[PDB]
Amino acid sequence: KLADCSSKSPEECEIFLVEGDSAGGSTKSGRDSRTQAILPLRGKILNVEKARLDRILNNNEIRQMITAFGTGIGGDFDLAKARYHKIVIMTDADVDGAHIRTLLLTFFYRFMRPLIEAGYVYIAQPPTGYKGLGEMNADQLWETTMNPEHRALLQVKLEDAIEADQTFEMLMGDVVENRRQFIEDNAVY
């Protein structure tokens, strides 16, 4: 469940999507309550490139985000109703945290594409190292990752839709073999 900033003005308000309920708690105390909201994510989230609409719309996690963004999905997507102008992906500096990142991007791309084109979606950059988010001090999380004075965010940019459409389908797709080929082509071992 969501922790919301006091400010009602979307332009200045940012929602961090945080990995784990440990990291979430630290982030809520650590964050600046005025402008910064927190939606924690309980582990791996549904891969929508493999799921049908019925299931997707029934997913708690997927449902909480839709609700929190308030922009609607698909044709009903109204970028004008976005309750936050910065949507931030905050995950561990491990391969699972990177997996989660790809699970989120697939969704945004497939349901809130205009949200990306508007450059609303960012990627946090926590300390690369041996510590997950749920092991860091809240004060430590704020300065490195969250304080706009010190943090280094990565705005997600979409160069090309066809290339993006093919890649998501290959990477997140139902057919294993093409994914197997991709790995085979690109693995350096």
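For every residue, the number given is its place in the sequence shown, counted from 1. Whichever C-alpha set is largest while still superposing within 1.5 Å between the two forms counts as the rigid core.
Core-fitted comparison in 8 other deposited structures of this protein shows that, between 166-174 and 13-21, the CA atoms farther from the shown form belong to 13-21.
Higher mean CA temperature factor, per the PDB entry, when comparing 157-165 with 32-40: 157-165. Stretches compared: 133-141, 43-51. Higher mean C-alpha B-factor in the entry: 133-141. Among the modelled residues of its chain, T106 has a C-alpha B-factor that falls in the middle third according to the deposited record. For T128, the recorded CA temperature factor ranks within the highest third of the chain's modelled residues.
For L79, the recorded CA B-factor ranks within the highest third of the chain. Only modelled residues enter the ranking. In the PDB entry, a CA B factor belonging to the middle third of its chain's modelled residues is recorded for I183.
Ranked against the other modelled residues of its chain, the C-alpha B-factor of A98 as given in the entry falls in the lowest third.
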